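In the form deposited in one PDB entry, a lone chain appears below as structure tokens.
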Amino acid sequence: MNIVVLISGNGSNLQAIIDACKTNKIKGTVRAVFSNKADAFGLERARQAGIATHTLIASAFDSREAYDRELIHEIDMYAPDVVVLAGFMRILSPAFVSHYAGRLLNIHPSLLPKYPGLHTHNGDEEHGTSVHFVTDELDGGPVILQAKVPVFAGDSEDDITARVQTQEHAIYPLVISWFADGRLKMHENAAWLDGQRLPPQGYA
């Protein structure tokens, strides 16, 4: 099945997805990669894997709606069964969200609200990452899987972040594979795995 990934940066998560499609762990094909930043290194990961790229920059458009109308237009050329946001830094409008309702995924490095992340100030606790269906509740549509990342004394911000990214790379291919195998659906602003409704914090 066809996966279209949207990025804005480095693309380490895109790459974990491409490799999981290479080793047949996801039953799918990344057909196109989309960026809102022209220098994004994720476009070079796509080029080397021979995947078609498109970059849509906001200044080039007249209105937010205009941008999303074209973004929809270009994504649909690849007949997506999922559209995966992997570090996509733009908010998607109501028309975009409803257009891909139930097959629009996102990963945020947080669990459900408190998380010692940033490093703008090792440590205590609360740190992680969750993959969730994207809804109009910005950053807060239904969670599918989360992963708590253990903090330790001898940890730096780069230690924590790298550890979070290592968990992002494990869970996002897992979720997209359950989606590709027909086991994950959204309805009633709830995530469903094998017909069972997931609790607010995902599986398990």
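Numbering starts at 1 and follows the sequence shown. Throughout, rigid core stands for the largest set of C-alpha atoms superposing within 1.5 Å between the two forms.
Below: the form deposited in another entry, not depicted.
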Check your understanding: Cα of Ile57 displaced 2 Å or more between the shown form and the other one, core superposed?
Key -> no
Review point. When you overlay the rigid core, is the Cα of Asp68 off by 2 Å or more between the shown form and the other one?
Key: no
Practice item. Once the core is aligned, please say if the CA of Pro116 is shifted by at least 2 angstroms between the shown form and the other one. Key: yes
**Study point:** Closer or farther: C-alpha pair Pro94/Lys114 in the other entry, relative to this form, given a change of 3 Å or more
**Key:** closer
Practice item. Tell me whether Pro199 and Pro113 end up closer or farther apart in the other entry, going by their C-alpha atoms; the shift is 3 Å or more. Key: closer
